[PDB]
Every structure is written in C-alpha cells, then in structure tokens.
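Chains as they are written, first to last, in the deposited numbering: chain P, 37 to 150; chain U, 40 to 422; chain V, 43 to 422; chain Z, 33 to 470. A virtual CB, placed ideally from N, CA and C, is assigned to each residue, including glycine.
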Amino acid sequence: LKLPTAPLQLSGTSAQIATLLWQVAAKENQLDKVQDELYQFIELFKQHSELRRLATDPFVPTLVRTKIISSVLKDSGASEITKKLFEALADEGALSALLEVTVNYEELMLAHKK
Amino acid sequence: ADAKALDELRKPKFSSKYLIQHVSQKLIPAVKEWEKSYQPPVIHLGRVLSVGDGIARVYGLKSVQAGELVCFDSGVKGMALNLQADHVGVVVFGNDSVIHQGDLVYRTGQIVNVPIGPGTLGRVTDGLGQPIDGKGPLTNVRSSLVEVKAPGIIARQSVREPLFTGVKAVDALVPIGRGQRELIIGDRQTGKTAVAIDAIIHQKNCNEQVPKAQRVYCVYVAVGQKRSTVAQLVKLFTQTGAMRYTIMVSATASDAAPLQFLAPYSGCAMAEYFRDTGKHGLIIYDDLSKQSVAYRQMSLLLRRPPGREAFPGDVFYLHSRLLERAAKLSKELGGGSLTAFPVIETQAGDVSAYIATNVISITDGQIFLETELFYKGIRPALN
Amino acid sequence: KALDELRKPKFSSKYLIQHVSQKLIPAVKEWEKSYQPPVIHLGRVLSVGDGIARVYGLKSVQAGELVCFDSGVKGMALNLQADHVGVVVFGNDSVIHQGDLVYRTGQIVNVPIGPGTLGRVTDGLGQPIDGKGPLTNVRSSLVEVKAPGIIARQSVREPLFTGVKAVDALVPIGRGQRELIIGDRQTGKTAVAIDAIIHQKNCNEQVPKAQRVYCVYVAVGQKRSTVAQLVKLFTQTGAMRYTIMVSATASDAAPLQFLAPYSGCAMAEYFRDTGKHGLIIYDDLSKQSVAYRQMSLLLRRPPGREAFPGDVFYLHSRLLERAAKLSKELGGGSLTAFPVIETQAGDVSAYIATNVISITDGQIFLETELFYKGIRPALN
Amino acid sequence: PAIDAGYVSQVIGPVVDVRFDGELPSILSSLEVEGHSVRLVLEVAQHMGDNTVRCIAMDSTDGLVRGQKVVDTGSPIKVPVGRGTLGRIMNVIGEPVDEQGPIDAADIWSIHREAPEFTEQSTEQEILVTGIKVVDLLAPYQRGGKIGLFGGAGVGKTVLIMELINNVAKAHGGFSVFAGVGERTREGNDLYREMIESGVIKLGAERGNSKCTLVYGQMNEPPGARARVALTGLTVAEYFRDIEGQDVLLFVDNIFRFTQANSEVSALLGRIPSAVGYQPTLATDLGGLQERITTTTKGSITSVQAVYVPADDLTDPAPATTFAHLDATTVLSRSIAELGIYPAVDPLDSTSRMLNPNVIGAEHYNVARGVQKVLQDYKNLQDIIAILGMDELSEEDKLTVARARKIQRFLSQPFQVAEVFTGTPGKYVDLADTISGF
Ligand SMILES: Nc1ncnc2c1ncn2[C@@H]1O[C@H](COP(=O)(O)OP(=O)(O)OP(=O)(O)O)[C@@H](O)[C@H]1O
Ligand SMILES: Nc1ncnc2c1ncn2[C@@H]1O[C@H](COP(=O)(O)OP(=O)(O)OP(=O)(O)O)[C@@H](O)[C@H]1O
Ligand SMILES: Nc1ncnc2c1ncn2[C@@H]1O[C@H](COP(=O)(O)OP(=O)(O)O)[C@@H](O)[C@H]1O
Ligand SMILES: [Mg+2]
Ligand SMILES: [Mg+2]
Ligand SMILES: [Mg+2]
C-alpha cells in the first residue's frame with residue numbers, strides 16, 4: 037500500500053491515471069519498460085483501423101472490446117502493468133485516454149531525470 | 040497536456056518493436072472471432088445511439104444538413120435538429136417505440152417539406168402533409184419547403200383590402216386587413232375559435248359573390264387540440280360548405296411534439312401557395328400557445344438550456360419567423376395576400392405571460408376576449 | 043491524421059481512476075499478497091458531504107438497504123449506480139471520511155417492533171435515547187412496508203374517543219381513520235394530540251385487552267426540551283405504559299427526520315397487524331417534508347412547487363395509507379393516524395397542506411383567531 | 033439461456049436500468065425481474081445506449097441488487113380484458129387483487145394502444161342528464177363525451193363523482209370501468225363494498241351479471257404503478273368499446289395522479305424540468321392518454337375524470353393542459369364550498385360544448401345564460417358590497433344581488449351519497465324542473 041511519490045502533481049482523470057501508472061511502475065523498476073509500450077500502442081493505433089475502432093466506435097460492446105484486448109495480449113513479451121492497464125481502459129471504452137496518459141507519462145519521466 | 044507534445048506523439052518514438060509485430064498478426068485472428076457481435080461501421084448512413092421520449096441520438100450521418108428530414112429503418116421519419124460533433128439529435132415524427140439502439144437511420148436528402156397546391160383545398164391533413172380524412176393520397180399537389188423566408192420590404196405593399204370577418208364587433212371596432220396578422224387572445228372558453236370559425240364561414244359566404252380574385256382560401260391549423268374537436272369542425276365546415284375553400288392541418292394532442300411544432304409551418308406553407316399565386320389566403324393558427332409548448336418539450340429533450348417558464352431562448356423567433364410570412368405582396372409578385380389569426384390562451388387573464396407578450400409584440404392587431412364580458416351576455420366578449 | 047480521433051477522450055464513469063487502481067495495484071508482484079480492496083459486501087467512501095456519501099464497491103448491496111459505516115453511523119443505499127452507491131447518512135456526516143469502509147448489514151432499513159418498544163423514547167432509527175438500555179422484548183421489521191390493499195380493509199365502525207369535547211362531538215374520529223390536525227403555530231395541535239394519548243390511557247383500564255389502544259408519538263423537528271417535557275407528562279400521567287415516542291429533533295440529521303415517521307409507523311403497524319389497536323401522531327409532518335426537501339435538494343433533484351420535490355406527495359401517501367382498519371381475516375386490528383401540519387398565516391391552500399388534506403379522511407382546522415379569544419380548543 | 037436476459041445495472045428509486053448484452057427490448061416492452069419478493073414488472077422507457085435500457089418499475093425496487101437477472105417478456109404490459117373482468121378488482125399489471133381467483137380473460141391486450149384515427153371519430157352531441165341542477169343547467173354533460181371535475185383537495189370531486197356513479201351508471205345500459213389512480217385505498221374499499229351491496233358487483237357464480245370493473249392503482253403504490261394504471265383502465269374500457277361494441281362508462285378518480293407519477297419518475301430519467309417542476313412531456317403524455325378515450329363509430333365511452341388542482345391553482349400546468357381535452361369541465365371551487373354550497377361548482381368557471389342553443393334548445397340555453405348573467409353581475413358587485421355595504425347599491429342592483437343570492441343557493445342540492453354524513457335525503461332533479469325553477 038506504500039507507493040513511491042510522483043515527481044510532480046498533475047491534472048484529473050487522464051493525468052492521475054498516468055500518475056498511478058508511474059507510481060506502480062516505479063515500484064517494479066519498470067518505467068522505461070512501459071514508456072516504450074505506450075509509444076508502441078500509439079503506433080498500433082496508427083497502424084490498424086480495427087484497433088482504433090475499439091477506442092472510437094461506441095457500438096462495440098465492452099465484452100467484445102475487453103475480449104479483443106485480453107486475447108491479443110497473451111503476455112506479448114510485455115509488462116504485466118501494461119496488460120492490467122489496457123484491459124482496465126478497455127472495460128470503460130477509455131482507450132482514447134492513452135494518447136494523453138502518454139503525454140503525462142512523458143512529463144513525469146522527463147521530470148524523473150530532473 | 041497541451042496539444043504540442045500531443046502532436047509530437049504523431050511522430051513515432053517507440054524505440055522497440057516487441058509488441059507491434061506480435062499483435063499485428065494477432066489482431067485480425069482475434070477480431071474475426073467476434074465478427075457476429077460487430078455491427079458494420081457507418082459513415083453516411085446513421086445508427087441510433089440512444090432513443091427515448093421522441094429524441095434519437097444518431098451516430099454517423101456525416102453529410103446531413105441542419106433541419107433535414109431523415110428516415111429510420113422502421114419507416115418513421117425524423118428531423119436532424121442539432122448536429123453535434125459526435126452525434127446528431129433527431130426528433131421523431133411519430134411514436135419512438137419502433138426505434139431501437141442500433142437501428143439504421145437514412146438521410147433522405149430533403150429539408151422538411153409539405154405538399155402545397157390546389158389539391159390540399161378540401162382535405163384534412165396532419166402536421167407533416169399526409170391526409171388523415173380517409174380520402175386517399177394528395178393529388179394535383181407539389182412539394183414545398185416549410186422554412187421559406189418571409190417576403191421583404193420591396194416585395195410587400197400597404198394593406199388596403201378589407202377581408203371582413205362577419206363578426207360585427209370585429210368588423211366595426213377592430214377592422215382586419217387582408218394581409219394583416221391579428222391575434223385573438225383570451226382565457227379558455229372565451230370564444231376565440233368561434234371568432235376564427237365565423238371568419239372562415241364568412242369567407243365561404245363571400246367567395247360565392249366576388250369575381251374569382253377577391254376569393255379567400257382559409258387554412259385552419261389545429262395545434263394540440265383533441266381529435267373530436269377537429270372532427271366536429273370538419274363536420275361544421277362540410278355541413279356549411281366551407282370545406283371547399285378550407286384546408287385543415289391537424290396535429291392533435293396524440294401526435295408527437297415535433298408534429299405539433301411543425302404544423303403551423305405546414306399550414307403556413309400550404310397557405311403561401313395562394314399568397315404566391317395571386318390569390319388571397321387566410322391562415323388561423325389555433326392554439327399557438329400549444330405549439331410553443333410542443334417546441335419547449337422538443338428543445339428541452341434536446342438538452343438545450345431553458346429560460347423564462349423553461350421555454351427556449353429563441354421562442355420569440357419561432358413565432359416571429361412564422362407570423363412574418365403573412366404579408367400583402369406587391370403587384371409584380373401578384374398582389375396576393377395572407378392574413379394570420381394566431382390564437383393564444385392566457386391563464387386567468389394574465390396578459391403578461393411570456394408567449395402572450397411575444398405574440399402581442401409580433402402581430403399587428405389584438406382581439407382580447409375577457410371572461411367577465413363573456414358571462415355578462417356580451418358575445419363575442421370583445422374587450 | 044489517423045490519430046485525430048483520439049486527441050481528446052470522452053467517457054462515462056467519473057470514477058475511472060478507481061477502476062484503473064483496482065487493476066494496477068495487483069499488477070505489482072508484491073501486492074498480490076492479500077492486498078485486495080474488498081468490493082463485494084464492503085465498500086470505500088468516494089465522496090462525503092451534505093449528508094450524502096458516495097461509496098465505491100458494495101456490488102451486492104440492495105436498494106434501500108441499511109448499511110453501516112466503520113465509524114458506527116448507519117446509512118441507506120439509496121442510489122445504486124453503475125460505478126458507485128449513493129448512501130444517505132443517518133447521522134452526523136462529520137465522522138465519515140474519504141476512504142472509510144462501508145459494510146452492508148444484509149437487511150432493508152429496519153426498526154425494532156414489538157411489546158418492548160412501549161415506554162421507550164426512540165430516535166428515528168430504532169435505538170433508544172431515554173437511557174434505559176437496549177430494547178429487549180422486540181424484533182426487527184422494515185420501515186418501508188406497502189400499505190394493506192382493498193380486501194385487507196373493512197369500513198371504520200368503532201369510535202376512537204379523543205377526550206376533547208369539541209372533537210368527540212363535532213368531528214368524531216373512528217378507529218382506522220386519518221385525521222389531519224392543521225393550524226398555525228401555537229393553536230393547540232399538540233394539545234389535542236396529547237389529550238388523545240392521555241385519554242387512551244384513561245380508557246385502557248376499563249376495556250378488555252382486545253379493545254385497548256397503544257399509542258405512538260412521532261416528534262419530527264421538535265425541540266429536544268419539548269420532547270423531554272412531553273415524556274415527563276406521559277410519565278406523570280401514567281400514559282407512557284401504552285406510548286412509544288420516536289424523536290427526531292431539530293438537531294438530528296434530516297434523513298432521521300425523514301425516516302422517523304416510517305419508524306414510528308412500523309412500531310404502530312406491529313399493533314395493527316397483531317389484531318390490537320394503534321394510534322399514531324405525526325407531530326409537524328410539515329417538518330418531515332422540509333427534511334425531505336433538504337435531502338432532495340442536496341441530492342440535486344429538480345424542485346417543484348415551493349422548491350419541494352415531485353415525490354413529496356408520495357412521501358406522505360406512503361406513510362398515511364398504512365393507517366387502516368384491517369379485515370376480520372387479518373386480525374381485525376386498526377391504526378389511527380393524527381398527522382399534524384402547520385400553516386403560515388392560516389394559508390391552508392399551501393402545497394403540503396393540500397397534499398395531506400387530499401390524503402387524510404377529515405381535518406381538524408384549529409383557527410388562530412379563536413385561540414387568542416380564549417376559545418380553546420380553537421376548532422374551526 | 034443467456035439470450036433475452038439482461039441484468040440490473042443501476043437502481044435509482046423507481047427507475048431501473050437493465051443491461052442487455054444480447055438484444056435490447058423495445059420501448060414500452062415489459063420486463064420481469066427474477067428472484068424478487070414480489071412480482072416486479074419493469075416497463076422499458078428509454079434506450080440509453082451502451083446496450084442499456086432504462087425502465088420504470090411497476091412495484092417497489094427495495095431489495096434489488098445490481099446483478100439480478102431480468103427476463104424480457106417480448107411484449108408490453110398485457111392485462112386481461114373482457115366480460116370476465118367484470119366484478120373484479122385488478123392492479124396496474126392485470127393481477128386480480130380481489131382474492132376471487134384468477135381473472136377469466138377473454139383476451140390479453142397490451143395497455144399501450146394508439147389513439148383511434150380521425151376517420152373513426154363520432155360527432156353526436158347528445159345530452160346526458162345527471163340529476164344535478166348546476167350540472168344539467170349551466171354545463172350539461174355529453175352522452176359520449178369527456179367530462180372533467182376540477183377540484184382543490186376537499187371541495188368534493190369524489191362526492192360528485194360518486195353521485196354521478198349513483199345517478200348515471202344505474203340508468204346506463206352498458207358497462208362501467210372505474211379507474212382508481214392515486215386516490216385513497218379506503219375509498220376503493222368503500223366503493224367495492226357499496227357496489228357489492230347495491231348489486232352492480234356480484235361475487236361467485238353470478239359474477240357474469242356484474243356491470244362494473246374496478247382498476248385500482250391507489251396512492252400507496254409507487255409512481256410506476258400510478259403512471260400506468262390509467263392505461264389499464266383504458267384498456268379494459270377500450271375492449272368493451274372496440275370489440276364488444278358496447279357503450280362504456282369510465283370514471284377515473286384523479287387523472288392528475290397520472291401526471292404527478294410521470295413527473296415523479298421523470299426527475300430520475302435524467303430530463304431537464306419544464307415549468308413549475310413537471311416533466312417536459314406533460315402535454316404529449318396527457319394527450320396520448322386522453323386521445324384513447326373517444327366515442328368512435330363502433331362504440332362510445334362516457335368519461336368522467338376527476339382532475340385535481342395542486343394548490344387551488346387553475347394556472348398550474350397539469351390542470352391547464354387537461355382543460356383542452358374535455359367537453360364539459362365542472363370546476364369546483366373552495367370559496368363556494370366555504371359558503372356551504374354543495375356541490376361547490378363555480379357557475380362562472382364551468383363550461384360545456386353542449387351549452388349551445390341548437391343542441392339543447394333555446395329555452396334551456398337562455399335560462400342558463402340569464403343565470404350566468406345575474407351571477408356575473410353579482411360578482412362585479414362583490415367589492416362594493418364588502419367595503420361599503422348593500423345600502424349604497426342602486427335599487428336595480430339590490431334586486432340583482434337578491435336574485436343572485438337566490439340562484440346561488442338554488443344551484444346547491446343534496447346528494448344521495450352525501451346523506452350518510454349530512455342526514456338530509458338526496459334529491460334527483462329532472463331537467464325540466466331545473467329550467468322551470470330558474
Ligand atoms: N358569439 C357567441 N355566442 C354564443 N356563444 C358563444 C359565442 N362564441 C362562443 N360561444 C360559446 O363559448 C364556448 C367557447 O367557445 P370557443 O371554443 O370558441 O372558445 P375557446 O377559447 O376556443 O375554448 P378553448 O379555450 O377550450 O379552446 C363555446 O361553447 C361556444 O358555444
Ligand atoms: N385547551 C387549552 N386550554 C388552555 N391552554 C391551552 C389549551 N391548549 C393549548 N394551550 C396552551 O397554548 C399553547 C399551545 O401549545 P401547543 O403545543 O398545544 O400548540 P402547537 O400548535 O403545537 O404549537 P407549536 O406547533 O408551535 O408547538 C401551550 O402553551 C398550551 O399550554
Ligand atoms: N355534495 C356534498 N354534500 C355535503 N358535503 C360535501 C359534498 N361534497 C363534498 N362535501 C364535503 O367536502 C369534502 C370533500 O371530500 P372529497 O369528496 O374527498 O373531495 P376531494 O376528493 O376533492 O378531497 C367531504 O369531506 C365532504 O364533507
Ligand atoms: Mg380553441
Ligand atoms: Mg407542536
Ligand atoms: Mg378524493
């Protein structure tokens with residue numbers, strides 16, 4: 037329950053998600069391992085029109101969206117923090133918040149190197 | 040959080056590719072496992088996000104115009120009113136129980152229009168143009184928009200011709216003109232429909248006596264009234280012969296709120312045919328204070344912010360752009376006229392109500408019907 | 043251009059960070075070691091303020107269920123929402139913090155009913171405040187009971203004597219009736235009510251036990267001093283043997299003043315359902331509508347006439363339809379209501395006044411002009 | 033098994049949202065919740081998106097958990113209709129609440145019907161004499177028309193509608209349907225016992241000779257039940273009108289409670305409120321209700337609806353909307369009742385479409401207009417008489433005041449249903465006696 041302090045305070049509902057992501061990535065020494073995963077998922081939304089359909093189309097059900105996101109990341113060589121984050125953002129249709137969670141994570145990260 | 044690093048993220052900076060080549064060949068076999076749960080995507084058609092209380096929020100419909108007729112897949116028509124960034128707010132011309140989430144919405148290409156012409160002369164019509172008298176579809180008629188701008192300064196001329204109403208209190212003290220908007224205002228059951236009806240009956244009595252160009256074609260718009268009253272009025276106009284010159288537009292209380300909102304514009308568009316073709320028209324908007332109530336409901340369910348007595352802010356423009364279409368045109372436009380008789384019901388004689396003061400400020404004349412003059416034997420109860 | 047659709051996110055679930063934090067802290071390999079947030083029968087407070095606590099979790103809570111905060115103050119699950127539970131606090135909300143644990147009790151909001159309630163002063167939730175220990179010979183029943191139907195009732199036959207000469211002659215009141223006592227402030231409404239209670243004590247010693255009347259006095263929004271003086275009156279007249287007193291005073295929270303008529307009505311519905319006869323007095327039922335208006339405006343519900351909620355008629359019709367005369371196949375018991383409505387300057391055409399007039403069977407109009415001309419009771 | 037089964041998403045009072053993952057029900061379709069303490073019927077009101085409907089519960093929602101299985105019935109609320117409903121009491125969802133067994137249904141009809149079309153309107157202005165002097169004189173009731181009894185909580189629109197039941201429904205040859213919407217349960221039990229005693233409701237084997245159906249949604253019910261019980265009463269009346277071809281009577285006590293229940297559920301449906309606090313859809317809901325009550329070509333309904341004005345305010349939007357739906361309003365007043373005049377009908381505020389010289393004859397019409405003229409001339413003198421006394425009036429005006437104080441006592445009348453608490457026997461007055469007296 038003891039979480040490391042973020043280097044700077046930030047805004048609400050898309051910056052505190054990135055603050056929590058930084059707080060749980062600094063506990064696993066896993067900051068630069070999930071930052072490039074954020075950038076990779078940005079490139080994945082750039083690539084496929086069927087993966088950014090899960091972020092913008094409001095007619096896909098939340099069951100179908102969570103089952104695409106969970107059955108696409110079958111450990112994927114990836115961090116478990118990223119997989120437990122994106123199935124959490126897929127449970128609300130909040131996948132469009134990734135492109136600002138990346139901004140606030142960049143802000144925390146370049147504040148992490150002073 | 041600002042847009043400059045948010046646009047810098049459009050440039051790729053991933054520096055590793057141990058998920059990109061893994062899930063890109065894993066995405067399409069995952070999506071194909073759920074393709075019967077996917078609905079097909081939509082761009083120029085529409086799809087209902089949410090429907091309720093006569094409002095459909097429609098996803099898609101990329102190239103709809105504001106105020107455009109749309110048609111749902113269940114056959115019921117609509118009207119794209121507020122075009123927001125992620126959805127279109129569509130009011131439903133009918134009962135919205137046949138609309139579901141995920142129903143396809145089809146853009147019809149037309150702004151809302153009614154059939155105008157001599158074929159409407161004698162029919163009982165709904166607020167959208169379809170005949171409800173059970174005498175078949177409309178023949179010898181053409182489609183015209185319900186949002187025609189009123190004729191300007193150079194198109195009009197001065198109101199000179201009388202258009203008598205047959206009520207000698209009116210024709211002696213409050214003399215109407217043939218292109219004049221005259222408001223009949225009073226409490227409930229003070230004789231406003233009686234004055235408008237006797238005006239229509241007197242146009243029937245005068246149309247069989249004048250040479251073909253001072254003849255007056257009445258249009259009665261029944262907004263929010265019950266259907267028994269409209270049927271009794273059709274029986275009256277047929278048993279006196281006034282239905283040969285009268286059109287009746289009837290959006291009753293059972294109809295949807297956009298139908299009652301749109302029925303004075305339908306009646307004005309049907310009556311503008313006679314004004315634009317050199318003839319002389321008479322339009323009665325009975326219960327304009329019910330068309331304002333239908334507009335209030337329609338705009339409150341579109342989540343527009345309410346104002347005085349929870350009316351929209353633009354409820355003045357609603358009646359001003361309707362009543363300004365009653366004009367007397369110039370000789371180069373035919374010389375035809377259209378005279379309006381809007382009706383407003385007041386509450387306990389309160390003339391200082393919102394819709395009452397707006398329509399008093401819009402129209403030319405006033406006909407006040409007091410309920411204490413009515414019970415003193417003075418019929419019509421002209422104040 | 044392909045990422046222009048994602049340059050600003052728009053979503054529901056204002057508590058999105060809670061659902062992300064319930065997935066991200068078990069992604070840490072250290073905190074899968076029984077560091078779980080309890081969310082089935084427990085819950086964390088998200089927000090608390092103006093008598094409404096918003097509670098995350100509680101995924102198995104029922105609507106209308108009495109929940110219990112970790113401070114000891116109880117609550118009521120009113121709005122079950124998709125991502126939280128709107129809990130209405132039954133006490134001072136200053137002892138509730140963000141992150142407090144909310145436990146559900148497993149039961150809809152209940153009060154103790156039975157023969158152990160007689161003689162006891164009670165708050166609006168069931169726990170005694172007279173300092174005579176807990177309620178012993180008692181059992182819990184719901185405060186929100188649907189009223190008995192049409193077959194369950196019979197016509198009112200038997201008389202409930204108030205003991206007031208102006209009442210028992212001119213406006214006679216039967217067992218199972220609802221009689222509104224309406225009038226201005228200091229016109230003698232409480233005097234008629236307590237004369238009814240004292241007279242039920244006086245007649246209870248001369249009738250058989252199947253014809254006795256057991257009284258409930260609900261004091262909503264009164265001073266605690268006047269409730270204490272009234273308890274001393276009912277003790278020194280011997281009337282406390284048949285009387286329960288529910289007391290949600292002016293210092294108590296407005297949910298307690300809202301719920302105290304229903305608590306007292308359940309305590310009297312025990313006597314109605316067990317074949318005996320009950321008499322309940324809702325003293326200043328206008329103050330219950332004021333407390334409910336407070337709860338509704340703090341819940342941001344759209345107000346109607348005189349800023350009252352739309353269901354302020356339903357608030358009193360729920361309460362007063364439970365005063366009935368039961369049929370012979372339901373024990374034959376009865377419950378008689380005496381709701382009290384205070385008017386301003388004798389305006390009985392007010393909203394809550396005309397609501398309770400169109401609910402109750404008759405009225406006792408107490409005029410303010412006759413009360414100062416010495417005519418007491420000032421029955422119009 | 034998972035198909036056609038949604039689960040409760042959120043419970044907001046009488047408003048329940050149900051998430052259907054497979055396929056969504058239609059609007060107005062009825063649902064049923066599995067595992068409740070009672071039979072909890074929901075009626076779908078909105079599609080909210082995200083595979084979620086928003087429903088209105090017909091019973092209380094206390095005890096609902098946000099995972100409860102909800103079964104789509106595939107249909108709206110269907111109630112038993114027919115001659116087997118005669119002599120039975122039924123609630124909003126058609127269940128028999130009279131403990132006389134199940135209702136022998138001739139058919140089950142949806143309670144949501146479209147209003148009869150314009151070609152199926154019957155325009156026959158025929159008088160219906162009630163035996164009440166002020167009603168038969170100043171605002172006569174149509175034989176197949178809609179009648180309103182506007183009142184202000186204690187002025188006597190239940191005593192008046194009971195006297196209309198006593199006077200009209202006995203002389204009638206068809207079936208009566210009493211719809212109790214949001215009134216007292218004691219009043220429903222009293223009407224049931226009086227109708228059993230007077231013989232218009234028979235129990236047991238002779239139930240087919242009963243001439244009245246009671247549909248009761250009284251004020252102990254949640255606002256979902258009071259919002260749709262008028263529709264159940266309309267369905268039972270519309271089966272007798274349409275299929276049976278009968279002439280029906282339909283007495284609806286407090287049609288205001290339909291509007292009030294819709295305004296109660298409307299705050300939790302997430303709408304912006306209209307004027308003084310009602311729903312934005314007041315006029316269209318009231319219109320969709322009241323346009324189903326129509327004398328058609330295949331049957332007639334004589335509807336007498338009590339309307340309640342909320343704080344003696346006739347300018348309140350819910351009675352002011354009701355005023356445009358009725359053929360004959362009988363506005364009862366508080367001040368006329370405080371004078372001791374019963375029935376407390378305002379003579380200068382009650383109107384009818386039957387008060388026309390070509391339908392009721394010129395003698396009756398001239399008498400009614402003369403009585404209204406004398407009463408209006410007295411109401412014009414109400415301020416001079418108060419602040420100066422009658423001694424300063426003219427000699428022609430003192431005669432007006434004397435004749436008006438005579439005709440406003442003469443409009444009052446004892447009732448056969450009021451004789452139990454007043455002592456005086458009731459008086460039925462023929463129409464010619466009223467015209468000859470006035
Ligand atoms: N000139 C007249 N002479 C006699 N009676 C009249 C006259 N004008 C109207 N009335 C009577 O007044 C009553 C009300 O008439 P009308 O329907 O025209 O008023 P209204 O204001 O349209 O009523 P509402 O507000 O209900 O629509 C009618 O019953 C009619 O018979
Ligand atoms: N019948 C009576 N004879 C003499 N005095 C009386 C009588 N009834 C009441 N009083 C006195 O008049 C006052 C009325 O107080 P009471 O509590 O009865 O009125 P109330 O309407 O409940 O006022 P409030 O609502 O403000 O408490 C009391 O002080 C009481 O002593
Ligand atoms: N015709 C009448 N004769 C005598 N008393 C009446 C009459 N009408 C009404 N009242 C009195 O007025 C009150 C009206 O009650 P009710 O009929 O329930 O009207 P409402 O439903 O408007 O409250 C009754 O208590 C009764 O005493
Ligand atoms: Mg009219
Ligand atoms: Mg008191
Ligand atoms: Mg009543």
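Element boundaries [alpha helix (DSSP H), containing residue i]
{"i": "residue 480 of chain V", "result": "Within the shown structure, residues of chain V are numbered from 43 to 422, placing residue 480 of chain V beyond reach of any answer."}
{"i": "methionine 227 of chain Z", "result": "217–229"}
Nonlocal neighbours in the same chain, by C-beta distance under 6 Å from residue i, ignoring five residues either side
{"i": "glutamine 311 of chain Z", "result": "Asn294, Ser295 and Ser298"}
{"i": "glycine 158 of chain V", "result": "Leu177, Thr178, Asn179 and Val180"}
{"i": "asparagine 121 of chain U", "result": "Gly128 and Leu341"}
{"i": "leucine 421 of chain U", "result": "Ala208"}
{"i": "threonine 410 of chain U", "result": "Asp226 and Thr229"}
{"i": "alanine 315 of chain Z", "result": "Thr353"}
{"i": "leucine 88 of chain U", "result": "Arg96, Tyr98 and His126"}
Closest by C-alpha distance to residue i, when choosing among the options
{"i": "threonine 291 of chain V", "options": "V/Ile171, V/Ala387 and V/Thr204", "result": "V/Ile171"}
{"i": "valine 180 of chain V", "options": "V/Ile193, V/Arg162 and V/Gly166", "result": "V/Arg162"}
{"i": "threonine 164 of chain V", "options": "V/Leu341, V/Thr285 and V/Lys415", "result": "V/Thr285"}
{"i": "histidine 319 of chain U", "options": "U/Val115, U/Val354, U/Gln336 and U/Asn246", "result": "U/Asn246"}
{"i": "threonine 466 of chain Z", "options": "Z/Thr84, Z/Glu395, Z/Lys101 and Z/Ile140", "result": "Z/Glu395"}
{"i": "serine 328 of chain U", "options": "U/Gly346, U/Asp226, U/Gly133 and U/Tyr414", "result": "U/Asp226"}
{"i": "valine 100 of chain P", "options": "U/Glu107, U/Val109 and U/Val70", "result": "U/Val70"}
{"i": "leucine 246 of chain Z", "options": "Z/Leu263, Z/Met122 and Z/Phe272", "result": "Z/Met122"}
{"i": "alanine 40 of chain U", "options": "P/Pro40, P/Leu39, P/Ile53 and P/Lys38", "result": "P/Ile53"}
Terminal residues of the beta strand (DSSP E) in which residue i lies
{"i": "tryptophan 58 of chain P", "result": "Unbroken run through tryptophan 58 of chain P is the alpha helix (DSSP H), 52–63; no beta strand (DSSP E)."}
{"i": "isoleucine 88 of chain Z", "result": "84–89"}
{"i": "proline 154 of chain U", "result": "152–155"}
Whether residue i touches residue j by CB criterion (8 Å)
{"i": "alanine 261 of chain V", "j": "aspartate 325 of chain V", "result": "yes"}
{"i": "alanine 42 of chain P", "j": "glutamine 66 of chain P", "result": "no"}
{"i": "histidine 126 of chain U", "j": "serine 102 of chain U", "result": "no"}
{"i": "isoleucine 155 of chain U", "j": "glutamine 405 of chain U", "result": "no"}
{"i": "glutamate 79 of chain P", "j": "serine 106 of chain P", "result": "no"}
{"i": "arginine 220 of chain V", "j": "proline 419 of chain V", "result": "no"}
{"i": "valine 185 of chain U", "j": "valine 151 of chain U", "result": "yes"}
{"i": "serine 107 of chain Z", "j": "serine 62 of chain Z", "result": "yes"}
Neighbourhood of residue i by C-beta, 7 Å cutoff - its chain only, sequence neighbours within 5 removed
{"i": "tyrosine 410 of chain Z", "result": "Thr432, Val433 and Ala436"}
{"i": "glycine 374 of chain U", "result": "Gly317 and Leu368"}
Handout entry: Residues of the region 207–234 of chain U whose Cβ lies closer than 8 Å to any Cβ of chain V, in chain order
Key = Cβ proximity to chain V below 8 Å picks out nothing from the region 207–234 of chain U.
Practice task
For the region 69–88 of chain V, enumerate the residues whose C-beta is nearer than 9 Å to any C-beta of chain P, in chain order.
Solution key: For the region 69–88 of chain V, the beta-carbon criterion of a distance under 9 Å to any beta-carbon of chain P is satisfied by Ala69, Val70, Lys71, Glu72, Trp73 and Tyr77.
Handout entry: chain V contacts made by the region 337–351 of chain Z, where a contact means CB separation under 7 Å
Key = Listed by position along the chain: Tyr340, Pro342, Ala343 and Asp344.
Exercise for the section: Could you list the residues in the region 132–144 of chain P with a C-beta less than 8 Å from some C-beta on chain V, going in chain order? Expected result: Of all residues in the region 132–144 of chain P, only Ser132, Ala133, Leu134, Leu135 and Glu136 place a beta-carbon less than 8 Å from a beta-carbon of chain V.
Exercise for the section: Using a Cβ-Cβ cut-off of less than 8 Å, list which residues of the region 153–185 of chain U approach chain Z; keep chain order. Expected result: Listed by position, the residues of the region 153–185 of chain U near chain Z (Cβ gap below 8 Å) are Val163, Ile171, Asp172 and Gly173.
Practice task
Residues of the region 111–122 of chain P with a CB closer than 9 Å to any CB of chain U: list them in chain order, please.
Solution key: Result list: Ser112, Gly113, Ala114 and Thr118.
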